[PDB]
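See below for the structure under consideration.
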Amino acid sequence: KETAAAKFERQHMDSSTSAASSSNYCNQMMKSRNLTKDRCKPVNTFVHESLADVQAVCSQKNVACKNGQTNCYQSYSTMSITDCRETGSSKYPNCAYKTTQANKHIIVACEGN
Amino acid sequence: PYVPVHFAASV
């Protein structure tokens with residue numbers, strides 16, 4: 001019930017697709033991942049890489065986090081990601097999100113979990 | 001082990 005590690009997996013992992021397929025991807029995913037349950041989560045990123053590859057970022061480039069903490073890591077390589085963002089025409093419970101597909105280096109915070 | 005707990009950024 002929810003460990004920090006399982007929570008990251010639920011909110012950001014989507015290894016079953018190489019990339020967002022349509023404009024409706026964020027709407028279906030935000031929902032099935034239970035991100036629109038209580039409210040509408042405003043912003044969320046989905047990574048389309050294997051779990052192992054995403055876990056491997058924690059052994060990659062050490063960088064400072066936006067808060068000053070230094071447990072952040074940047075992937076050496078670019079990864080397939082999908083940015084999900086609430087539109088201005090979104091309202092609980094009719095959550096609407098704009099899907100933006102991209103290939104970027106991801107930055108994650110890691111914990112010896 | 002040492003695993004991702006938060007998605008900070010992209011690029």
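Letters for chains follow the order of the structure tokens (A, B, ...), residue numbers begin at 1 for each chain, and ligand numbers begin at 1 in the order shown.
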
Per-residue nearest contacts range 63-109 of chain A to chain B, cut-off 12 Å, using only C-alpha atoms, as a Markdown table:
```
| residue | atom | partner | partner_atom | distance |
| --- | --- | --- | --- | --- |
| A:63 | CA | B:8 | CA | 11.0 |
| A:64 | CA | B:8 | CA | 10.3 |
| A:65 | CA | B:8 | CA | 7.3 |
| A:66 | CA | B:8 | CA | 7.8 |
| A:67 | CA | B:8 | CA | 10.0 |
| A:69 | CA | B:8 | CA | 11.5 |
| A:70 | CA | B:8 | CA | 11.8 |
| A:71 | CA | B:4 | CA | 9.8 |
| A:72 | CA | B:8 | CA | 7.7 |
| A:73 | CA | B:8 | CA | 9.0 |
| A:74 | CA | B:11 | CA | 8.2 |
| A:75 | CA | B:11 | CA | 9.0 |
| A:76 | CA | B:11 | CA | 10.5 |
| A:77 | CA | B:11 | CA | 10.0 |
| A:78 | CA | B:11 | CA | 8.1 |
| A:79 | CA | B:10 | CA | 9.2 |
| A:80 | CA | B:10 | CA | 10.4 |
| A:81 | CA | B:10 | CA | 8.5 |
| A:82 | CA | B:10 | CA | 10.2 |
| A:83 | CA | B:10 | CA | 9.4 |
| A:101 | CA | B:10 | CA | 11.8 |
| A:102 | CA | B:10 | CA | 9.4 |
| A:103 | CA | B:10 | CA | 8.9 |
| A:104 | CA | B:11 | CA | 5.3 |
| A:105 | CA | B:11 | CA | 4.6 |
| A:106 | CA | B:10 | CA | 4.4 |
| A:107 | CA | B:9 | CA | 4.9 |
| A:108 | CA | B:7 | CA | 4.5 |
| A:109 | CA | B:6 | CA | 5.1 |
```

Legend entry - Near-residue 13 in chain A list (9 Å; only C-alpha atoms; drop same-chain fewer than 5 positions) as a PyMOL selection string: chain A and resi 8+45-51+54

Legend entry - In chain A, DSSP alpha helix (DSSP H) residues written as a ChimeraX atom specification: /A:4-12,25-32,51-55

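Coordinates place CA of residue 89 in chain A at a distance of 18.1 Å from CA of residue 38 in chain A.
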
Legend entry - Distance in Å - CA of residue 34 in chain A versus CA of residue 10 in chain A: 8.6 Å

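Closest approach to chain B from the set A:93, A:42, A:68, A:112 is made by A:112, with distances taken over only C-alpha atoms.
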
Considering only C-alpha atoms, return as a JSON list (two decimals) with C-alpha atoms, in the first residue's frame whatever protein or nucleic-acid residues lie within 9 Å of residue 92 in chain A, sequence-local ones (same chain, fewer than 5 positions apart) excluded.
```
[["chain", "number", "residue", "atom", "x", "y", "z"],
["A", 36, "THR", "CA", -7.74, 11.13, -11.91],
["A", 38, "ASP", "CA", -9.71, 11.87, -6.20],
["A", 39, "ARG", "CA", -8.90, 14.80, -8.49],
["A", 40, "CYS", "CA", -7.14, 15.53, -11.78]]
```

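Secondary structure by DSSP on the backbone puts the following residues of range 25-92 of chain A in strand (DSSP E or B): residues 43, 44, 45, 46, 47, 61, 62, 63, 72, 73, 74, 79, 80, 81, 82, 83, 84, 85, 86 and 91 of chain A.
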
Could you write those residues out with N, CA, C and O atoms, as a PDB file, in the first residue's frame?
```pdb
ATOM      1  N   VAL A  43       0.022  17.364 -13.993  1.00  0.00           N
ATOM      2  CA  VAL A  43       1.133  16.974 -14.841  1.00  0.00           C
ATOM      3  C   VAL A  43       1.725  15.619 -14.509  1.00  0.00           C
ATOM      4  O   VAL A  43       1.970  15.299 -13.321  1.00  0.00           O
ATOM      5  N   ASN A  44       2.002  14.812 -15.461  1.00  0.00           N
ATOM      6  CA  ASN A  44       2.625  13.483 -15.273  1.00  0.00           C
ATOM      7  C   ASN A  44       3.384  13.003 -16.491  1.00  0.00           C
ATOM      8  O   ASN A  44       2.887  13.131 -17.647  1.00  0.00           O
ATOM      9  N   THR A  45       4.550  12.397 -16.312  1.00  0.00           N
ATOM     10  CA  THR A  45       5.324  11.860 -17.378  1.00  0.00           C
ATOM     11  C   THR A  45       5.315  10.321 -17.297  1.00  0.00           C
ATOM     12  O   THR A  45       5.472   9.788 -16.165  1.00  0.00           O
ATOM     13  N   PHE A  46       5.243   9.720 -18.395  1.00  0.00           N
ATOM     14  CA  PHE A  46       5.223   8.301 -18.655  1.00  0.00           C
ATOM     15  C   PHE A  46       6.513   7.935 -19.388  1.00  0.00           C
ATOM     16  O   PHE A  46       6.841   8.675 -20.342  1.00  0.00           O
ATOM     17  N   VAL A  47       7.258   6.930 -19.006  1.00  0.00           N
ATOM     18  CA  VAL A  47       8.500   6.553 -19.736  1.00  0.00           C
ATOM     19  C   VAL A  47       8.236   5.159 -20.339  1.00  0.00           C
ATOM     20  O   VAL A  47       7.763   4.275 -19.647  1.00  0.00           O
ATOM     21  N   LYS A  61      24.643   9.362 -14.416  1.00  0.00           N
ATOM     22  CA  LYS A  61      25.187  10.690 -14.093  1.00  0.00           C
ATOM     23  C   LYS A  61      24.583  11.376 -12.897  1.00  0.00           C
ATOM     24  O   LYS A  61      23.389  11.718 -12.899  1.00  0.00           O
ATOM     25  N   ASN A  62      25.385  11.632 -11.873  1.00  0.00           N
ATOM     26  CA  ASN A  62      24.923  12.289 -10.623  1.00  0.00           C
ATOM     27  C   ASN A  62      24.917  13.801 -10.904  1.00  0.00           C
ATOM     28  O   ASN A  62      25.886  14.329 -11.422  1.00  0.00           O
ATOM     29  N   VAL A  63      23.781  14.404 -10.612  1.00  0.00           N
ATOM     30  CA  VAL A  63      23.403  15.796 -10.743  1.00  0.00           C
ATOM     31  C   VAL A  63      22.572  16.242  -9.538  1.00  0.00           C
ATOM     32  O   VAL A  63      21.938  15.438  -8.829  1.00  0.00           O
ATOM     33  N   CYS A  72      19.858  12.942  -7.365  1.00  0.00           N
ATOM     34  CA  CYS A  72      19.242  12.955  -8.691  1.00  0.00           C
ATOM     35  C   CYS A  72      20.275  12.370  -9.683  1.00  0.00           C
ATOM     36  O   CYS A  72      21.432  12.474  -9.404  1.00  0.00           O
ATOM     37  N   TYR A  73      19.769  11.780 -10.741  1.00  0.00           N
ATOM     38  CA  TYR A  73      20.594  11.156 -11.772  1.00  0.00           C
ATOM     39  C   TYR A  73      19.993  11.420 -13.130  1.00  0.00           C
ATOM     40  O   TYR A  73      18.770  11.322 -13.253  1.00  0.00           O
ATOM     41  N   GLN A  74      20.818  11.680 -14.087  1.00  0.00           N
ATOM     42  CA  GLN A  74      20.454  11.929 -15.464  1.00  0.00           C
ATOM     43  C   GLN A  74      20.898  10.739 -16.323  1.00  0.00           C
ATOM     44  O   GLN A  74      22.059  10.263 -16.192  1.00  0.00           O
ATOM     45  N   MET A  79      15.492   8.836 -23.818  1.00  0.00           N
ATOM     46  CA  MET A  79      14.471   7.825 -23.589  1.00  0.00           C
ATOM     47  C   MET A  79      13.133   8.296 -24.206  1.00  0.00           C
ATOM     48  O   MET A  79      12.988   9.521 -24.325  1.00  0.00           O
ATOM     49  N   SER A  80      12.304   7.334 -24.511  1.00  0.00           N
ATOM     50  CA  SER A  80      11.001   7.671 -25.093  1.00  0.00           C
ATOM     51  C   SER A  80      10.108   8.124 -23.981  1.00  0.00           C
ATOM     52  O   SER A  80       9.945   7.257 -23.089  1.00  0.00           O
ATOM     53  N   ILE A  81       9.540   9.339 -23.928  1.00  0.00           N
ATOM     54  CA  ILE A  81       8.700   9.738 -22.803  1.00  0.00           C
ATOM     55  C   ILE A  81       7.450  10.382 -23.343  1.00  0.00           C
ATOM     56  O   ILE A  81       7.427  10.824 -24.511  1.00  0.00           O
ATOM     57  N   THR A  82       6.431  10.414 -22.536  1.00  0.00           N
ATOM     58  CA  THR A  82       5.168  11.091 -22.885  1.00  0.00           C
ATOM     59  C   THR A  82       4.763  12.099 -21.801  1.00  0.00           C
ATOM     60  O   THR A  82       4.462  11.716 -20.646  1.00  0.00           O
ATOM     61  N   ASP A  83       4.710  13.367 -22.146  1.00  0.00           N
ATOM     62  CA  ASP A  83       4.261  14.399 -21.178  1.00  0.00           C
ATOM     63  C   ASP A  83       2.740  14.523 -21.222  1.00  0.00           C
ATOM     64  O   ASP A  83       2.083  14.672 -22.234  1.00  0.00           O
ATOM     65  N   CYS A  84       2.098  14.425 -20.068  1.00  0.00           N
ATOM     66  CA  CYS A  84       0.646  14.507 -19.856  1.00  0.00           C
ATOM     67  C   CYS A  84       0.410  15.783 -19.048  1.00  0.00           C
ATOM     68  O   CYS A  84       1.006  15.935 -17.996  1.00  0.00           O
ATOM     69  N   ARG A  85      -0.397  16.620 -19.587  1.00  0.00           N
ATOM     70  CA  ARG A  85      -0.692  17.921 -18.986  1.00  0.00           C
ATOM     71  C   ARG A  85      -2.116  18.328 -19.158  1.00  0.00           C
ATOM     72  O   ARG A  85      -2.658  18.280 -20.296  1.00  0.00           O
ATOM     73  N   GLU A  86      -2.701  18.713 -18.026  1.00  0.00           N
ATOM     74  CA  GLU A  86      -4.112  19.156 -18.045  1.00  0.00           C
ATOM     75  C   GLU A  86      -4.276  20.367 -18.931  1.00  0.00           C
ATOM     76  O   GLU A  86      -3.403  21.255 -18.895  1.00  0.00           O
ATOM     77  N   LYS A  91     -11.754  19.709 -16.024  1.00  0.00           N
ATOM     78  CA  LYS A  91     -12.399  19.937 -14.726  1.00  0.00           C
ATOM     79  C   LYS A  91     -12.889  18.622 -14.157  1.00  0.00           C
ATOM     80  O   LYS A  91     -13.562  17.828 -14.830  1.00  0.00           O
TER      81      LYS A  91
END
```
